[PDB]
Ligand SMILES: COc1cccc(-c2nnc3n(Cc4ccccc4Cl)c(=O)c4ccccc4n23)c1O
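Form solved without this ligand, single chain, as structure tokens, below.
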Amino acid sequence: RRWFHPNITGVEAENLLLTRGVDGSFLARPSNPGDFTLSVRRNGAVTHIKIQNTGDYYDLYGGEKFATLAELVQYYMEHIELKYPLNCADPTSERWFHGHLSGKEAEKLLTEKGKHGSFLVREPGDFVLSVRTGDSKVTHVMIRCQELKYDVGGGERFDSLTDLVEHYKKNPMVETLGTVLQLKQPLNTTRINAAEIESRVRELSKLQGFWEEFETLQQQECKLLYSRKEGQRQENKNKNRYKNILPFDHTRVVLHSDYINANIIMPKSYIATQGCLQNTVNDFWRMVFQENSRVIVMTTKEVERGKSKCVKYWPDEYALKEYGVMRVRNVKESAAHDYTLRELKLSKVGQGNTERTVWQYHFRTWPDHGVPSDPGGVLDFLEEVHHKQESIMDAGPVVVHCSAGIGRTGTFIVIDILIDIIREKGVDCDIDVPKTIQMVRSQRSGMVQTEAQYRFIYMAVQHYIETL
């Protein structure tokens, strides 16, 4: 994911592509903050293509909608031509880069939060590599920056700290007394104690910190390019709401027509899915039935900004309907401020004794773009959903959907996973928002779409702990 440059202007991108690139050379960069630009070189000229994400997907002008920037790039490199990634040498979005950090503060972080192999890189004009080895000691290796090249005092001269770090991660430096300076894992600094969320929120709200953390998490999406073959099959193309927003094969829900654009999310489990198409309503009820799901969370309106987001897959109040071999009665509709509750009874046609109540919680006030200004409403909604799920003996995974099932769906599931830790373990527990996001993202592409949603998750968690 070296083709992503986090701090460059359009003019900087043009000079990079014109003097250091060739025709087919490309880079992606953040632009209107919240938007992205794909800068491509074609016939000695640089073209700037806008990528927009309001929280649902990455919408590329002239192209398609995607779950990640790494998925967008992979698709266009495997299918204006993107031939050559122009690699960024800036270490800002690397998990191990700490910029300004003292040798005492870095030794303090590594002593408290570190283990064998924990390393970091910090900053006159030179850098320091601080590593922990044992079960124990902390070693500091100087990194000279000579003529825009990096070295440890001998041997190879690297063009970037990333190239130096990856080389010594594969071929570790051995101290001339036996110690192998193993660079196993970057030091974990994102994990906070639940009780100190307000201190972290304040630190991340400073010049912004939330953007710096979200973008470091985004640089790890390249490790999540898992196969999505079943969703690419001819027979399954029109079962997808967005052609390239597909479920991973290793986590996809298999129906025992075995396909649905849904994935199991394991932290209480979830099924993260897209908004129904008219041709997928029957597949959706077969999923709910097979998975013994008793609660559905819908986080979109049927129609948003004049576009359909999910077809009406449930009957009108008091009506009874058949969806293939599935049968749904809408027993009762209850309305609250932020949402609607629908009591549905699901059964298999011809088999009365298969009946179960399915509670549909439909959140109706999420803004068309961005996030709600206060997380109170979402939290009250998640609280009520949790209690319904917990009250039902041996209930299957909670079904969660929006339009593509990655943005709002990913936000709701992540808040819910985090809140759950605080329910069982209490205000005296460890919470790690990006580790948790990365974990859910390995189960469905691009779960949690924007920095606004990312900030919303911290704020939601902050509010839950405060109202305790």
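All residue numbers are counted from 1 along the displayed sequence.
This protein has a second form, the form deposited with this ligand bound, left out of what is shown; the following refers to that one.
Chemist: Decide open or blocked for this chain: this ligand is absent here, so superimpose its site C-alphas on those in the bound PDB entry and check whether 3 or more ligand atoms come within 2.4 Å of a backbone or C-beta atom.
Modeler: With this ligand superposed from its pose in the bound PDB entry, the site reads as open.
Chemist: Check each of 348, 388, 228, 321 and return the one that places a heavy atom within 4.5 angstroms of this ligand in the bound PDB entry.
Modeler: When this ligand is considered in the bound PDB entry, the option within 4.5 Å is 228.
Chemist: Under a 4.5 angstroms heavy atom criterion, identify the one residue in 232, 357, 238, 102 near this ligand in the bound PDB entry.
Modeler: If I apply the 4.5 Å criterion carefully, the residue I get is 232.
Chemist: May I ask you to state whether residue 256 is within 4.5 Å of this ligand in the bound PDB entry, using heavy atom distances?
Modeler: The answer is no: residue 256 has no heavy atom within 4.5 Å of this ligand.
Chemist: Would you check, heavy atoms only and a 4.5 Å threshold, whether residue 307 touches this ligand in the bound PDB entry?
Modeler: Output for residue 307 is no: heavy atoms all beyond 4.5 Å of this ligand.
Chemist: With the partner left out of view, is residue 244 within 4.5 angstroms of this ligand in the bound PDB entry by any non-hydrogen atom?
Modeler: The answer is yes: residue 244 has a heavy atom within 4.5 Å of this ligand.
Chemist: Please run the contact check for residue 75 against this ligand in the bound PDB entry: heavy atoms, 4.5 angstroms, yes or no?
Modeler: Residue 75: contacts this ligand in the bound PDB entry.
Chemist: Select, from the options 152-160, 244-252, 388-396, 307-315, the stretch whose residues sit within 4.5 angstroms of this ligand in the bound PDB entry by heavy atom distance.
Modeler: Looking at the other structure, the answer is 244-252.
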